[PDB]
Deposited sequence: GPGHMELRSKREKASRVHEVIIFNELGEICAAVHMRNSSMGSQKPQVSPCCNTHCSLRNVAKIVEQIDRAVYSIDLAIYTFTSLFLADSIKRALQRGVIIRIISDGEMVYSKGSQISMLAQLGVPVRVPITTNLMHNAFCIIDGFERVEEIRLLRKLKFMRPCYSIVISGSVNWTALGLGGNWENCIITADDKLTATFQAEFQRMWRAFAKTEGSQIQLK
């Protein structure tokens, strides 16, 4: 399965001249930011039951659109955000909250820098199944995308960022558990 480090750096745009968005034409730049973006979005496009998103700042249009498409397929999406940033200027979260996506934020003022996203997490999918009242689910498996606090900027700004995309059962288990924990303990908006 997938187990990969996505790395944004200063070389991400050196191939700009050769360039359901994004549609990335082939290039020879191993550091292509567009390729990085397309890989992340792909994982979202592959969600079938659930997306749990703990995020610090959500300004990316490419990401918001993929979250939008997921909803239309009937993927159950929940967002956890930093309290200060949640409805700051540029935030896509309001838009998503308009479509029915629930959003929770911490009570405490501290920085919520845990930017990760669990797709079809095992514990979460089983949770849906029971509440959805089912026995058989369509086939899927857990993916976590996690890393630097602005990986969800999706290359926006040309910074040095990173996220790991992995199907590792232990890591995906831990992230999903913490989201469940934060979801129960945080406040709605």
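Within the chain's deposited sequence, the coordinate-free stretches run 1-15, 35-42, 213-220 in sequence order.
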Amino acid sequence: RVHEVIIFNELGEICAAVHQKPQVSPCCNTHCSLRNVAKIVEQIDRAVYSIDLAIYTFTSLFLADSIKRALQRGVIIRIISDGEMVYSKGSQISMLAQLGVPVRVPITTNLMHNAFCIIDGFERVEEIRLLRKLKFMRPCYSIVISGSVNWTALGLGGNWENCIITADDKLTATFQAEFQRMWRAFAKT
From here on, numbers count along this sequence of modelled residues.
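When the C-alpha B-factors of 150-158 and 127-135 are averaged, 127-135 comes out higher.
Look at the C-alpha B-factors of 136-144 and of 38-46. On average they run higher in 136-144. The entry assigns its greatest Cα B factor, within the set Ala16, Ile165, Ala177, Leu11, to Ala16. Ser25 sits in the middle third of its chain by CA B factor, as recorded in the PDB entry. In the deposited entry, the Cα temperature factor of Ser94 places it in the highest third of its chain's modelled residues. Annotation for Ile119: CA B-factor lies in the lowest third of the chain's modelled residues.
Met182: CA B factor lies in the middle third for its chain, per the PDB record. Ranked against the other modelled residues of its chain, the C-alpha B-factor of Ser88 as given in the entry falls in the middle third.
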